[PDB]
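The chain contents come next:
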Amino acid sequence: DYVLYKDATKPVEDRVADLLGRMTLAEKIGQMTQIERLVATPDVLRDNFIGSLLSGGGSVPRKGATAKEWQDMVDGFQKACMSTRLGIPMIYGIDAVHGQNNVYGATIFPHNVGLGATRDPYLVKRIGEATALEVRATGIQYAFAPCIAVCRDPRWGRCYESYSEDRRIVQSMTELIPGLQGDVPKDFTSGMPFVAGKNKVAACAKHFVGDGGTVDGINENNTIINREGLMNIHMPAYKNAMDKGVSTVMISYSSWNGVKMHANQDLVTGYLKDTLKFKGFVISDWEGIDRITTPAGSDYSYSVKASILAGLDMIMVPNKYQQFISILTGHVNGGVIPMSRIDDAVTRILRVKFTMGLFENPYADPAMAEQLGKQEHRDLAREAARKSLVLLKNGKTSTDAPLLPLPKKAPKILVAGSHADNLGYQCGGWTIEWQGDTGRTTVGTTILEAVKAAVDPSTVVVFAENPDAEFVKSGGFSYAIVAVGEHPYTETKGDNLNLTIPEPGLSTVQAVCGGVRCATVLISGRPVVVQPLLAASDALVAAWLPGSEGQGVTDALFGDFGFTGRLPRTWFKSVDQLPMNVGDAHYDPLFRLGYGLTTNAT
Ligand SMILES: *[C@@H]1O[C@H](CO)[C@@H](O[C@@H]2O[C@H](CO)[C@@H](O[C@@H]3O[C@H](CO[C@H]4O[C@H](CO)[C@@H](O)[C@H](O)[C@@H]4O[C@@H]4O[C@H](CO)[C@@H](O)[C@H](O)[C@H]4NC(C)=O)[C@@H](O)[C@H](O)[C@@H]3O[C@@H]3OC[C@@H](O)[C@H](O)[C@H]3O)[C@H](O)[C@H]2NC(C)=O)[C@H](O[C@@H]2O[C@@H](C)[C@@H](O)[C@@H](O)[C@@H]2O)[C@H]1NC(C)=O
Ligand SMILES: *[C@@H]1O[C@H](CO)[C@@H](O[C@@H]2O[C@H](CO)[C@@H](O[C@@H]3O[C@H](CO)[C@@H](O)[C@H](O)[C@@H]3O[C@@H]3OC[C@@H](O)[C@H](O)[C@H]3O)[C@H](O)[C@H]2NC(C)=O)[C@H](O[C@@H]2O[C@@H](C)[C@@H](O)[C@@H](O)[C@@H]2O)[C@H]1NC(C)=O
Ligand SMILES: *[C@@H]1O[C@H](CO)[C@@H](O[C@@H]2O[C@H](CO)[C@@H](O[C@@H]3O[C@H](CO)[C@@H](O)[C@H](O)[C@@H]3O)[C@H](O)[C@H]2NC(C)=O)[C@H](O)[C@H]1NC(C)=O
Ligand SMILES: OC[C@@H]1[C@@H](O)[C@H](O)[C@@H](O)c2nc(CNc3ccccc3)cn21
């Protein structure tokens, strides 16, 4: 017989309907199952008809693996999936959230908070375009990005993953989506999924909804706000995402007024699917369904029932697939979950797969391997890092000479601080490892390396990680650049009620700035207690988490370009003010949202 779903010339909806009508319950539930590469084998993928795989943070084939190694791994998994009766290709997902960040040698872009500081949606679109290429360089077809959380309290460990506390800025930055996926056609229906083809990736608007609204910024906690507030702060960017054809949406671990997002039928089905007319697939977060219950995982049968009935389509299991499949099959066999619900979930998963061309190009393109870490992409990351920088102070007092820009020619200069020569620190979380890491973890340029690359050949550059006051005072330095701040963190590990930088940080700044005029570069995922740093410093720059391209920092420090970044968040006076956002009745910032000093290029 002619087999319609295998015919590339046929309309997506026709191909979807034709395939679905041929599938067994096992094949259907298989599609709904996403597993870690760590538990995947060819036999597992074939025998369970698995629909998707992912790499969680740090889930890599080998340390330092090449783009070709990634492609071969993904293709090996694909070969097993394509060998099933129906030959439905799997989709492979990864957190490419500031470049293809799990991958050695991948360009690492500034994290979202810094991108918000640029107020440049086209820049962010271009980052999406570069990121898609580097993801496809590794054979991967699906990025879990953008995070369109609106972080309302910087005590949250994921505040750096939010473009802004201002939903309007977050909405503007949804341009990442057509960068990753390609621009939607003129004739496009909001809520339909879209991916242009094999050189683009499926995107994921996350985490639905109100992940940035939790009490005290406690990660995965309760967002207590009325529907009006939910709809005017936390929801708007999802509509923009719909308009731009985002292929998938990931559900939040958080709760809204005490109801777990992973169990919320009203919002997932009633709003996202039925009101926004989202036609892509809805994916859980990692063990998200497990965490519906307290303790987590204490009634997995309930978890499966609650999440599938709420309207989730694909479950990021990610390990215990046999149990997931067994429980879901049982619920269907028992009449507890209707076939219509399974058919809806599979319709959505297949729609995204057919739409993106997965059935036509299930395997990697070896010619794309060379896209990884391309200099053109690094030049883009360098531009972004520079544009993200916010100048908070430039001259110890209002009558002082402006410190920045600094001269490239001077007899001797000092570069200092825990963050001056630490690539892992300047990248932050979601870089090589889930939580990020310390030291030379990938290919890049540290602040020290950037300084050495920028200055006149006659200028002697001295590095001291934590020099004492006497070393600085007696050193014969013209000026110092001192870089300090937060260590890398991700999710709950980043939750922080005090928001003061680790030591030595302030002590180093005080020692250096006490001995010579100094420019302090603050590396952080968020505003942190800054008055003491300000007091010691002649100039201070909030550099956020600028990524692999340290020359973005020096491009502004030495005046090749002027400072243009503006705060995308309120800078508080103290943590006891929190939460405190622009528009609040009590608004007493140290620096308001939108604050930023400027310089002109030399
Ligand atoms: C304000 O709140 C902050 C968050 O709540 C808090 O930071 C946390 O402090 C706790 C200690 O109570 C840390 O937990 C421990 O971490 C130890 C190792 O920590 C190092 O390595 C990790 C990465 O693995 C980094 O994230 C850390 O920053 C730290 O880095 C090291 O820091 C040194 C000092 O600056 C550097 O010289 C060094 O180079 C650097 N090394 C690296 C690799 O970067 C573990 O050994 C412990 O076992 C413990 O881990 C916890 O164990 C309990 C378990 O439940 C947790 O899951 C597990 O995390 C925690 O890492 C840290 N969180 C951060 C930084 O994100 C502030 O504490 C201050 O700063 C820290 C760095 C310490 O110096 C504290 O003494 C100090 O008080 C809070 N500040 C205030 C004012 O109270
Ligand atoms: C010395 O520095 C100052 C301060 O940075 C320069 O003036 C700024 O120039 C920017 C670029 O032209 C102006 O930004 C633009 O603003 C308009 C109107 O709002 C807007 O339509 C543009 O899109 C752009 O806004 C940016 O868009 C991209 C975003 O990423 C970014 O956040 C937005 O700012 C900016 O308003 C202006 N600031 C002020 C206070 O005047 C100045 O540049 C010189 O003057 C400006 C007015 C312009 O004629 C430039 O061509 C000119 O060089 C600079 N001086 C020199 C000589 O370099
Ligand atoms: C928002 O965060 C708070 C604070 O973490 C959460 O409350 C906490 O809930 C946990 C269980 O999820 C409690 O810990 C447990 O305690 C029992 C002993 O009674 C122990 O057997 C378990 O091993 C576990 O340690 C904890 O007591 C509780 N903390 C507080 C301060 O109430 C809350 O559930 C979160 N809300 C949401 C919606 O996620
Ligand atoms: O890495 C996959 C997802 C990621 O896309 C989400 O943005 C993020 O919320 C996320 N967190 C985890 C891991 N969470 C976890 C849960 C229970 C135990 C250990 C880790 C996985 N993921």
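Rules and cut-offs
- Residues numbered from 1 in each chain as written, not as in the entry; some residues may be left out.
- Chains lettered and ligands numbered in written order.
- Heavy atoms only, no water.
- Helix = DSSP H or I, 4+ residues; strand = E, 2+ residues; numbered from the N terminus.
- Near = heavy atom within 4 Å.
- Polar contact = N/O pair within 3.5 Å; in protein donor to acceptor, adjacent residues only side chain to side chain.
- Areas by Shrake-Rupley, 256 points an atom, 1.4 Å probe, with all protein chains shown as cover.
- Nonpolar A, V, L, I, M, F, W, Y, C, P; charged D, E, K, R; others polar.
- 1 Å grid on protein atoms, 1.4 Å probe; cavity = no way out; pocket = protein on both sides within 12 Å on 5 of 7 lines; lining within 4 Å.
- Points joined across faces, edges and corners; volume = space filled by probe spheres on them.
- Domains from an automatic or database assignment.
- Contact = heavy atoms within 4.5 Å.
- Buried area = accessible area lost by both parts, 1.4 Å probe.
- Salt bridge = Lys/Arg side-chain N within 4 Å of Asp/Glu carboxyl O.

## Regarding unusual backbone geometry
Right, so step 1: A cis amide bond links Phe 208 to the next residue, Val 209, at an omega of -5 degrees.
Right, so step 2: Tracing the chain through its elements places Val 209 in the loop between β5 (204-208) and β6 (222-223).
Right, so step 3: Even without a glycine there, the phi angle at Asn 257 is positive, about 45 degrees.
Right, so step 4: For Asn 257, the location among the structural elements is in the loop between β8 (255-256) and β9 (259-260).

## Comments concerning the site of ligand 4
Right, so step 1: Near ligand 4, the surroundings consist of 15 residues, among which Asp 95, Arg 158, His 207, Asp 285 and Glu 491 are the closest.
Right, so step 2: A distance of 3.1 Å separates a nitrogen atom of ligand 4 from a polar atom in the side chain of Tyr 253.
Right, so step 3: Side-chain polar atom of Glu 491 to a nitrogen atom of ligand 4: 2.7 Å apart, as the coordinates give it.
Right, so step 4: Burial of ligand 4 by the surrounding chains reaches 85%, relative to a free accessible area of 490 Å².
Right, so step 5: When its residues are assigned to classes, the shell around ligand 4 shows seven nonpolar, one polar and seven charged.

## So, empty space enclosed by the protein
Right, so step 1: In total, this model carries three cavities of 30 Å³ or more according to the counting rule given.
Right, so step 2: Computed from the structure, the largest cavity encloses a volume of approximately 140 Å³.
Right, so step 3: Lining the largest cavity are 17 residues; nearest its centre among them are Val 97, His 98, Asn 112, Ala 145 and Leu 176.
Right, so step 4: Elements that contribute at least two residues to the lining of the largest cavity include exactly α5 (112-118), α6 (121-137) and α8 (176-181).

## A look at the domain arrangement of the protein chain
Right, so step 1: The domain boundaries assigned to the protein chain delineate domain 1 (1-373) and domain 2 (374-602).
Right, so step 2: Domain 1 puts 57 residues into the contact, and the matching count from domain 2 is 57 residues.
Right, so step 3: Summing the contributions of domain 1 and of domain 2, the shared interface buries around 4400 Å²; its carbon and sulfur component is 54%.
Right, so step 4: Joining domain 1 to domain 2, the criterion identifies four salt bridges.
Right, so step 5: Between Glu 433 and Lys 63 there is a salt bridge whose closest N-O contact spans 2.9 Å.
Right, so step 6: For the pair domain 1 and domain 2, the number of links is 37 residue pairs in polar contact.
Right, so step 7: Elements with a minimum of two residues in the side of domain 1 that touches domain 2: α5 and α6.
Right, so step 8: Taken together, the residues of the side of domain 1 that touches domain 2 sort by class into 24 nonpolar, 17 polar and 16 charged.

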